[PDB]
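Residue numbers (the UniProt record's numbering), protein chains in the order written: chain P, 322 to 481; chain F, 8 to 481; chain Z, 7 to 481; chain L, 8 to 481.
Encoded as structure tokens, the structure appears first; notes follow it.
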């Protein structure tokens, strides 16, 4: 869903972009949001963390495969947080054990590769593909961003 | 401290000194100065110290307790060669006046606490360090940090990018080292021969005995071999070395940098660090356990390699640092040792007499605080000998081989790829730093918050021009 | 001016081959003014009687019908001007009021003697020592525009973050620039002013001033020189010399200086960190053991300075530009309390605080102030404190810039005034501690009030500001 | 609300509408819109409302409770004349879904609560307001907000500053109204005759009956007389008026502004506001107590003048507002009333038939939120009649006389000189606003924090180019 390193320049607090993985009604600091209307015909979630750098097929496919694991394994989503999520400290993050979004695509691929089974159900995401997708994203996005100098390093480090 | 002070005052008198320039290093590694008109110096002013506002350095003091003291250390002082009016530079230590002890967040204070912790354990007497600081001399550097635009461009008359340019009414003199071709064509292809040579003269001018001076592999790059010194003194001369190179670049109308990786696809700058430990005039690194080295030396190495993934947070202290740790540029990404091997993290040089036995750690870069890097390495090497840490087996292959498979199937730990992972690993393994309070945990916690905000959070949050080649059309 | 001192002054001139005497005097605003006499046309009598001039040209001073006034030279701290091509000695002067046959009650330097003499007369002290740190800026360029359809300024400096991308002599940019808020204290070549700062203190000493420290400061083109403490007038005198010396040295090397409080938005302002001690019979009355090395006498002094503080801002923070600096978070005080080692506080107790050195440092004044009036008024407010045994309240050893707008009002915490208009109001509604012994005569106060409203307030309140165009243009 | 909805849906059908543009005013006064593709509109979508993210407007919602609703009010809708594809504009009300009541921080909600509070007290039935919105048409506007530079420059071919300029290869046509000379020279000195005339046509196009159109005193300035309307409807048409003038300026390649004072030394823009209160078809302002007015009307005025110093926080809501409240430009600084007097705060116009009796409050400017200004004035005028407030005596002199003395010795309150003093006074006297919860204190507290940060704190903190003329040499 966040398949470029540029995705992670967006996942920074304070721009109505989620860094904290919780749900709340009427909350644009949360990863998931319950809209106000929420009739019967309209009951739904809204996931605010995905972006258009994602392949919509893979993104939608994967979102559905992860929700279905939830129904199979009766997974509790925990407790809603009806606070301003961008106001929580780095203390309040770690101490209160609050599962935040990954900061880079590299960690996201690591997290995916270490948890790939809910996608492999019924060969929906075959393993050959996953290794291809992993190989693609490391060579297209990560290895070039990790290896091409960035102009801010020139403000920071040039004077050393 | 009043031994020195008479004499130092006498040294100022006969060098016709008008300013004493107190210099001290913040956490980041930046050299800072504050000049006192000589006539206004009393002997008592050097016991007490120099007050200053230590709230202006991130990682040090908050404004509520802003006052601090500089404690001049009257060693390696020298006349500033560049200042128009006579100035003496003196290194200084930061004294915490709220705890009435040397400042546990003073980098040079830590470096003294580490070279003492080795005295105190009995393992060694001296810890000798020897830095090769690769650097670059560009003509021009232009930067842009803004909402809609990030931008950099270094410039050098040697660069492949100028082969077609018009300089002085359209005259171009050709003769350019290629990409990675600077080692070591003669002039006029080498345009820095007199620039490097005059640097060396001024380095000697400030009390730095020099050895070798050459062009390096990358297009505008250089190096000067300076003499091994003890841990602080080694780091003291790094501060000096950089000041001279940057300032002579400046006099001749250029601009220097020791930053790790300024050019894509060309060599980065290394701080090739040479260490040996001695005791009672016997070099403890020399033995016959392995290619002229002692098992004591290999245990040291066992400790450096063991904590290296975390040690990198002090030796590779900029995000730019990791743009260099890419295979194929004589920069190590794999944590092993080998003789005469520059794909390796550590190198055993060729000479290895019982007098010159040492390691060369190739993975640090000059973006580091020299004080912290040298300090941290020694705390990692001492942990090794305490626990007689196994450094593993030598790898005498070209390490830039079988990347994906042989690394995961058989191979050993490699350097962290981003500054963030280096900090995670650092925080997850900090005891070898904390013994004898060399690295107090408040300092360690100060450095983590400072480095995430200065280095990681901006890099993770300012978009990069390559994402526009990749993703703009997404 | 005793003719023991006029004689030796004449000999100082003959053996230094002086061809012009530059009589200098300070109007109310703080501008140093001069009038040069061809030496040799100088009488012994002209140093007694004085020098005529046109005091109708100075707003707050004389009308044209009674325009003639006298300069009275004071033959102390004179100096040979290094800059003038032909040799000139500068000599200080006061205005003598010839219609009232008293030293001019609106002459700021005359006020500064009347303020220091009111102390020796009251017996509280002998000397009042002042020591100012005037932070300044050395720019490359300043461009301004005041017109019907355009307001505009631009300072420029090679060190400025705005030049990180500029093309210079042949489009070469040297890099190495301190960040916004980063000038303290990177070494060169990031520090470009090391030879300029060094050349300043060389000339400061040339003009009879002693310097201790010289460093780059926190803002991008900012600098500072520490000068020796001096008595109330002499300190204000050395401030006039210092301002001239850096302005002219910036100038000889092709630049332009300023001591104005806040030229750069988003970077540190310039302060006049003023250090006070009162001594008597060679004992330092500020040192004691009531508090961190300070006496009851000193703490009552501080309470008086703190009580009248909001009105005192009118002489120490005498431009509207002063109040762009008095914003939280740039080591500039907005909260009127004291604390040791605290740069968020209005007053600061330095760490050293020996007996000989016991002192306060007031961080709220700036160099837009007339040093005579500022020092004079600071002393008149501290003396009220000792007379009325004023308690300065309780020290606040917190980060003062961290306190909320709730924590401000609810906790009743007396903050600095936000504009010069409120500061003049606060002064005009509390003017008595200055009027003691006619030090600040009321005619002057009304002149000073009239001057500052017409020079600074009414123009700033009435000239559109470019940010209103970002805010309001789209309405 | 389903009366309208059928018909409105029928109005869209025969105007071939593809977009319905829901427009609603935040605290600042900014008009905001959100367009729905018509085909996707169900009748139910207009009962429920339009969801939106009300956390994006300072002074409204925090992100934790971001969702809100727009409640379309199906009055004064009109086809957008400018939009390429057919659009209908509809005003909207913000509904608080956490309190299930109209949003106490919705300006247009307050304006309905005030025109109801007058129904509810019995004093009056209708409150008629009539705005003259002076504005400016420039060719170009350039701004700079930065660390080292603040900068503005408007441009107009009429300005005194262009008398010597080369335009189209160096042709300059002369004929320029002087400084303050625009009232009302004929063309070609008047270059805006067709620009003003076409504005009026489009104003009629959106349901605004017009009266007069002239050049105003300042060089690029203009005005259109629009018909009195009730309190909300008056403010509704101000939103419309501004949109049209700004957009027609834009079509013809120019740029408009209703900002109070764009040019130094030239006239500012006023929102000359005309009020009368009526009941049972009898105009309550008309009487014989004073020059054709009732004592009821003078009590109203007594209340407006009494709270004016605080009322200014809503009528003069920008720091720029106070750059206009300077004597000598037909802008009031002294709070008194007078017949046929434009130095006065309030003016009794000449006509004053028992049908047209009214006041003209000259001190507001178009920088205000029209909803809040109109609302706040009525709450101040009603307090007056409750307390039968004495408005003092008329001052029929040129008020720009004897400034320093006669003001302090004999004279009455004058307008606050900065936005900050206007807010202080507002917070120190807020009851006449708070009765019947027209202005709830949370709204009043929201507006104070919003206005200090948007208007005061930037103005008090960004240096002004004139300080450089004054102080640079200090």
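The beta carbon of each residue, even a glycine, is placed where N, CA and C say it ideally should be.
query, result
"Is the beta carbon of residue 371 of chain F less than 7 angstroms from the beta carbon of residue 322 of chain F?", "yes"
"Grab the span of the alpha helix (DSSP H) containing residue 243 of chain F for me, first residue to last.", "238–258"
"Can you tell me which residues form a DSSP beta bridge with residue 152 of chain Z?", "Z:157"
"At the level of alpha carbons, what is the spacing between residue 481 of chain F and residue 386 of chain P?", "24 angstroms"
"Against chain F, does residue 236 of chain Z count as a neighbour if the rule is that its beta carbon must be under 7 angstroms from one of theirs?", "no"
"With a threshold of 7 angstroms between beta-carbons, can residue 258 of chain Z be considered close to chain L, or not?", "no"
"Is residue 226 of chain L helix, strand or coil when you go by DSSP?", "coil"
"Where residue 454 of chain F and residue 270 of chain Z are concerned, what is the direct C-alpha to C-alpha distance, given to the nearest angstrom?", "30 angstroms"
"Tell me where the beta strand (DSSP E) around residue 280 of chain Z begins and ends.", "278–286"
"Based on Cα-Cα distance, which residue from L:19, L:8, L:20, L:479 lies nearest to residue 249 of chain Z?", "L:479"
"How would you write the range of the alpha helix (DSSP H) that residue 315 of chain L sits in, first residue to last?", "315–322"
"So the candidates are Z:164, Z:226, Z:29, Z:452; which of them puts its Cα closest to the Cα of residue 43 of chain Z?", "Z:29"
"Going by DSSP, what residue range makes up the beta strand (DSSP E) through residue 450 of chain F?", "Element bounds for residue 450 of chain F: not the beta strand (DSSP E) but the alpha helix (DSSP H), 448–458."
"Using only alpha-carbon positions, find the residue among F:210, F:138, F:97, F:209 that is nearest to residue 283 of chain F.", "F:138"
"Just reading off the beta strand (DSSP E) that residue 113 of chain L is part of, what are its end residues?", "From DSSP, residue 113 of chain L is part of no beta strand (DSSP E); its letter is neither H nor E."
"DSSP has residue 262 of chain L in a bridge; who is on the other side?", "L:145"
"Straight-line CA distance for residue 330 of chain Z to residue 205 of chain L?", "45 angstroms"
"For the 8 angstroms Cβ check, are there 3 or more pairs between the segment 80–93 of chain Z and the segment 8–28 of chain Z?", "yes"
"Under 9 angstroms between beta-carbons, which chain L residues line up against residue 404 of chain P? List them in chain order, please.", "71"
"Look up residue 421 of chain F in the DSSP assignment and say whether it is helix, strand or coil.", "strand"
"From L:97, L:256, L:359, L:63, pick the residue whose C-alpha is nearest to that of residue 53 of chain L; which is it?", "L:97"
"Per DSSP, what are the beta-bridge partners of residue 32 of chain L in this structure?", "L:38"
"In or out: residue 390 of chain L buried (at least 16 other Cβ within 10 Å) or exposed?", "buried"
"Could you give the residue range of the alpha helix (DSSP H) that holds residue 415 of chain P?", "411–415"
"When DSSP labels each residue in this structure, what does residue 10 of chain Z get in the three-state scheme?", "helix"
"Can you confirm whether residue 481 of chain F, when its beta carbon is compared against all beta carbons of chain P, has any partner nearer than 7 angstroms?", "yes"
"Would you call the segment 146–155 of chain F and the segment 173–188 of chain F touching, i.e. three or more CB-CB distances under 8 angstroms?", "no"
"Taking the straight line between their C-alpha atoms, what separation do you get for residue 416 of chain Z and residue 409 of chain Z?", "11 angstroms"
"So the beta strand (DSSP E) residue 49 of chain Z belongs to, where does it begin and stop?", "No beta strand (DSSP E) contains residue 49 of chain Z, which DSSP labels as neither H nor E."
"Taking only beta-carbon atoms, is residue 352 of chain P less than 7 angstroms away from chain L?", "no"
"Is there a Cβ from chain P that is less than 7 angstroms from the Cβ of residue 204 of chain Z?", "no"
"What does DSSP give as the partner residue(s) for residue 75 of chain L in the beta ladder?", "L:59"
"Return the chain-ordered ranges of every alpha helix (DSSP H) run that is complete within the segment 181–235 of chain Z and spans a minimum of 4 residues.", "200–212"
"So what's residue 174 of chain Z in DSSP terms, helix, strand or just coil?", "coil"
"Throw me the rounded Cβ distance for the residue 233 of chain F and residue 115 of chain F pair, which I believe falls under 8 angstroms.", "At roughly 18 angstroms, the Cβ-Cβ gap does not stay under 8 angstroms, so residue 233 of chain F and residue 115 of chain F are not in contact."
"Give every residue of the same chain whose Cβ lies closer than 7 angstroms to the Cβ of residue 414 of chain P, excluding the five residues on either side of it in the sequence, and list them in chain order.", "421"
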